[PDB]
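Letters A, B, ... are given to chains in the order of the sequence lines, protein chains preceding strands, and every chain is numbered from 1.
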Amino acid sequence: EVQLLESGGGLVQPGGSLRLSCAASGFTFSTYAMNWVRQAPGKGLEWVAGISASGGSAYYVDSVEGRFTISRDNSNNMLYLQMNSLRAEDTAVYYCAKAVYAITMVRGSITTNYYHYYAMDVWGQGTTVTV
Amino acid sequence: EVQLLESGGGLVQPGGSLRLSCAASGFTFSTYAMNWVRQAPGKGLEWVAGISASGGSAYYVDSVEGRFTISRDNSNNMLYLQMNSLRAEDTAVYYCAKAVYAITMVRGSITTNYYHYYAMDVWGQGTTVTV
Amino acid sequence: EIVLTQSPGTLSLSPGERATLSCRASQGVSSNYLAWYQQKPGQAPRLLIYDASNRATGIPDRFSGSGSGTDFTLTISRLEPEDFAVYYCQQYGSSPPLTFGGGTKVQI
Amino acid sequence: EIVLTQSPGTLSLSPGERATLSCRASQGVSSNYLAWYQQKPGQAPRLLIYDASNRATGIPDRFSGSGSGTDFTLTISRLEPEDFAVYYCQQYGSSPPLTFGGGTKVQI
Amino acid sequence: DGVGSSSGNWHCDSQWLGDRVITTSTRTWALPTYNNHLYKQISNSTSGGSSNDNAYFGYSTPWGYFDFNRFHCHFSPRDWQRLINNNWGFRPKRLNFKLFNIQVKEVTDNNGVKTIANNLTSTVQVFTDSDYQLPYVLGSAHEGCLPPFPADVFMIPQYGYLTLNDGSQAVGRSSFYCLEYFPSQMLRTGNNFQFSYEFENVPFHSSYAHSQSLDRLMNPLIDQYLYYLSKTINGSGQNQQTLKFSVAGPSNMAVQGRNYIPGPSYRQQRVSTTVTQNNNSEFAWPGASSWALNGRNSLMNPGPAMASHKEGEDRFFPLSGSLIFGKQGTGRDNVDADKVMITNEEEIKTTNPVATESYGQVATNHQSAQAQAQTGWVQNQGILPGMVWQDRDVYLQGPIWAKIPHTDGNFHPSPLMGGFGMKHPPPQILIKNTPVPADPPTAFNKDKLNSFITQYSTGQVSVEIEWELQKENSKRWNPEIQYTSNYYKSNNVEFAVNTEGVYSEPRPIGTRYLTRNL
Amino acid sequence: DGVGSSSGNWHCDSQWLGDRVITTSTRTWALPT
Amino acid sequence: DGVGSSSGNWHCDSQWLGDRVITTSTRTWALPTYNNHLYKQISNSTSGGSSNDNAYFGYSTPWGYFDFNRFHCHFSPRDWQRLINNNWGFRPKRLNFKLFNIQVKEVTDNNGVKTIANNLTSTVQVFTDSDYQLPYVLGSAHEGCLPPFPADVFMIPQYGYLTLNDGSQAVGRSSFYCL
Amino acid sequence: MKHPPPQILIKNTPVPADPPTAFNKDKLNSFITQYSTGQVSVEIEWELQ
């Protein structure tokens, strides 16, 4: 079964840099787009960053732009989120998430290209970061 | 049901030659590659020898190379392992190995040639050899 | 960022009753591509419906979804106890940022 | 001989818990062709998964497998009592010798 | 022409006519859909490798290409023997290429069980790049050739190219190519394709070994009329300086004046196949000979053509000096030495310096009453007037031609991995399945269609080459060395299939057996 | 003409001749109902 | 020529003209795929027989071959009677051979129940060895002839040959042929 | 006969099953299952004594 296991989160002072890592298994990793989702205490979920299966295209929410860098390693099945200049409001739980579509899919007589961003099928458990 | 039944193992002095015979039923012996697996007491299983379905090609582990001979008789559905120059380390349990695939397989529209070495679907019970 | 608003906030209904949720988009959502997620206390969120009506694999058959344009609905029929949780709508139909709805809570 | 190492050794987890096993290959395993075997005390080993995900016939449906390149995983979901045993990974993807992994033990 | 009619026949033959040979080979190919009809930017970051020496930027394309650029595509092993035992040289002249019996297939997969059907209306596209407007990848020794053994069915490889990079990024000078931007011929199942090509004039590849060496060219019975300096001192003690001169003659052949000197050299590190004689450290990369381009290091491989080892020492080989081929069944990474076949260039030791030796010595100072004569070792030596050398050998397994880079200047443009250098080589032949979209939606949408019917194609290819021969004229009295099979019994015939149907080539076969005078 | 025969070839090119240019473009289309 | 057109007609006849007879026979054949498109080295060890008198080395090929080398391929029993009661001698003069109405089939097997369909674009390959460059097996009295009775449908036999052996091993003088 | 009736050889041309979508150098081992059938006619003129 697909498993997303993230580690490297924790408490740190404001202004600091924290590099969050995620380990995936159960699927071909280079064929999926990956996401980071964030939930502050008592508040709803906030999509933060997402990255193309190839890694060449990486997007961010408006607030964290320039501070966070999302990256991945297709050989190591590893998803990375490294943070710079942390703030009082960056404190939350951080989730790994996997898109429900692979970049190419076969159904019946049809082969389909999915290169956009899609709903998140599998989630990691979350790892807390306190600023 | 597929059955691998081996006999001819037992205790013998070092330097001696012991011949192990195996009996198989419930499948076409000629079309399936066969393997010999040996496990020492309190140790992980070790793959010792591999034989092609034709019998033309035989493979052995590096440690026992040149001391063990593997042969099969298609007509008699018998798989044999010949042991010469036995050593203390050699004392282990020897299990007959049956390949999961046949040299040719039909699956709907396609016919496939499998002439390599494949995962072992069926096992014999094992027969002990003590040196 | 185009916004998702959930019509009911902190809604409570008795078990065994139909549950109808509504997520409203300020802008049309391109080729559907909306997603409903369920989160339970101290538990990672869970995918329910992706696109408009499309149900995820391990999901009970009582969950349904529909919508087009700016109006989307998550329906829960034959309500049960495990269905008490906070619900969300996700919009992936545009270019990122992907934005969740504000969140909606279903009580007893 | 290209080597298989099983990272978890003599692992003990409570029954009913998800079990994840990883086998590591020094060099890429050609076109998958990895195999997971289960052995029980005084009992002949048993095929579980061959190639990457492919499950053997008489095997419970709770056993799963995946992997590519140098990293492979055996997953056991909804753990049960008979699942306590020593596990192995086999690499047939290269030319022989076929080499088993070192072996890994799952306790109570 | 028609669905029920065949568009070509099978031709595999050799025709030996006088001073020329004509080879023809037919194979069966299969073309998949690559990238599901997409062009994609690739880089070392999309791959994930981080090292500066390995960085790249480029594109992968939906197209495939045909590669016949190895000699075993055109020569059976008996043909190759027949070539190399009787001929001093050969070279290509003309080419004929056919593509016929096209079959496009539709694959449907309801539950993991594939169904395959004919799609009679689908096309394949093919063109040659006859103006050399694409990046040319046929000269990099890539896999994907027409297979040596005619009964094997091969997969057409995917075309991709590189352009300028900085790190993993591009620059404004980087070029992007669309192969749709060329005219091409479209083929339904009744259509066939052909073209012919004329090779440009190239030298005959020398396929002989010198029976004489560059330093022995003298008459052994006669003196020179030239003098060399034999002695600088009378004897022991002080103030013994003198100048003594002797005739160079049969007894001292090392000092005779010579008109021609050995060719150029760039020293390679020496490795032994007896591993205990090798040093206990990792030096594969660190001890390698290399060249640098724009800050990145490339291995010098195989490098300039040099004798592999000294006489009598066949256990040694240059580290990146020789082309190395794998045996049938050998894996991709970290195989042992018995899994590979290492060629050696020893036949050229008559004119070419040894790869693991210095070129020679030069004087480093002015000797004087207060200073002894000093020398130093020449580890690399460029072309000098009066050098002669032999190029590298070609193999049954090896490449035939390369494209000479388009540049202001080049010197002796013979491809270093061996074969015939050409400014206009055989052109690249590109092929793809024409995409057939799956059903579009019933309301207009401006996006490109991302959904396609799953297809692949297959067919036949024939390639015909006329080769010009240079016949051996020798007056040598005693019999030559000839490539031969060995009579002694074995489990398998060499250059045959085994019991599992696996064809193999057990050894590399060079071209140099016959001899010539120097 | 025939089912197994192709009714046209792919032409994408530009030809710059003196005082005139000739463009040609081929695309693949899909028509629904 | 075309899918919906026939490429030949059925001819079974005898024509007795003076000092000569002309026989013609048509049969229906079926060619499988042999060895799943492989050449394979075979020997008495791949078979398993151990005796020196029986040892061999050779190859099996994907190809089949036609065998008309028995007299009942060309003569009905009445024709043979008509031949042997009236004539002191006979001998062959000319041969004509045709291969026509080719049909290639695709077999699909989802659950043990075979479905068969036409594959209209597939080819068959045929050649004669007119330079006698292959090993010649037509003179060993093998089975696989065109059958004596014209209504029977026959299977094309598989071509295979032997070369020099020592025991089950080959020698350097052994030849391998790719057809 | 030193030159008997020549051997007549026949085979089905292999039609490979769908190849993978990434290049692999191996020969294709997977084929569409096929067989062929047809008619043969042979005509011999015999001289009588």
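- With no hydrogens or angles considered, a side-chain donor-acceptor pair links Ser75(A) and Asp73(A) at under 3.5 Å.
- Other residues, nucleotides and ligands contribute only 12 or fewer heavy atoms inside 6.0 Å of the CD atom of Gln169(E).
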Give the C-alpha distance, both sets of side-chain angles, the deciding distance and a yes or no for side-chain contact (heavy atoms from CB on, under 4.5 Å) between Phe316(E) and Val271(E). CA-CA 5 Å; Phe316(E) 293 118; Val271(E) 184; over 6 Å; no
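- A cation-pi arrangement is not found for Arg270(E) relative to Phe317(E), the charged atom failing to lie both closer than 6.0 Å to the ring centre and inside a 45° cone about the ring normal.
- No hydrogens or angles considered: a donor-acceptor pair under 3.5 Å links the side chains of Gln27(D) and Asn334(E).
- Under the side chain to side chain contact (heavy atoms under 4.5 Å, CB included) criterion, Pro506(E) pairs with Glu494(E), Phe495(E), not counting sequence neighbours.
- Relative to the ring axis of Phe29(A), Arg72(A) places its NZ or CZ within 45° and under 6.0 Å from the centre.
- Residues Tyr266(E) and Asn380(E) come closest through the heavy atom pair CD1-CB, 4.0 Å.
- At a cut-off of 3.5 Å, with distance as the only test, no side-chain donor of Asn32(D) or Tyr92(D) sits close to an acceptor on the other residue.
- Taking the side chain to side chain contact (heavy atoms under 4.5 Å, CB included) definition, one finds that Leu134(E) meets it with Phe127(E), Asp129(E), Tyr159(E), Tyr177(E), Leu179(E), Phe182(E), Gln428(E), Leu430(E), sequence neighbours left out.
- Checked against a 6.0 Å centroid threshold, the rings of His72(E) and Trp80(E) do not count as neighbours.
- Side-chain atoms of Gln82(A) and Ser71(A) form no donor-acceptor pair, as typed in the model, at a separation below 3.5 Å.
- In summary, the side chains of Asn165(E) and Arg296(E) do present a donor paired with an acceptor at a separation below 3.5 Å, with no hydrogens or angles considered.
- Side chains of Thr99(D) and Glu1(D): a donor-acceptor N/O pair is absent below 3.5 angstrom, by distance only.
- The two residues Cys73(E) and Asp67(E) come nearest to each other via the heavy atoms SG-O, 4.5 Å.
- No donor-acceptor contact under 3.5 angstrom links the side chains of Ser30(D) and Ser94(D), judged on distance only.
- No hydrogens or angles considered: nothing links the side chains of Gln6(D) and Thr104(D) as a donor-acceptor pair under 3.5 Å.
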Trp401(E) vs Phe71(E), ring-ring contact (aromatic ring centres under 6.0 Å, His included): CA-CA, chis, key distance, verdict: CA-CA 10 Å; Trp401(E) 65 84; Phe71(E) 280 105; 8.8 Å; no
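- Note: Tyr59(E) and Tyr39(E) fail the aromatic proximity criterion, with ring centroids not under 6.0 Å apart.
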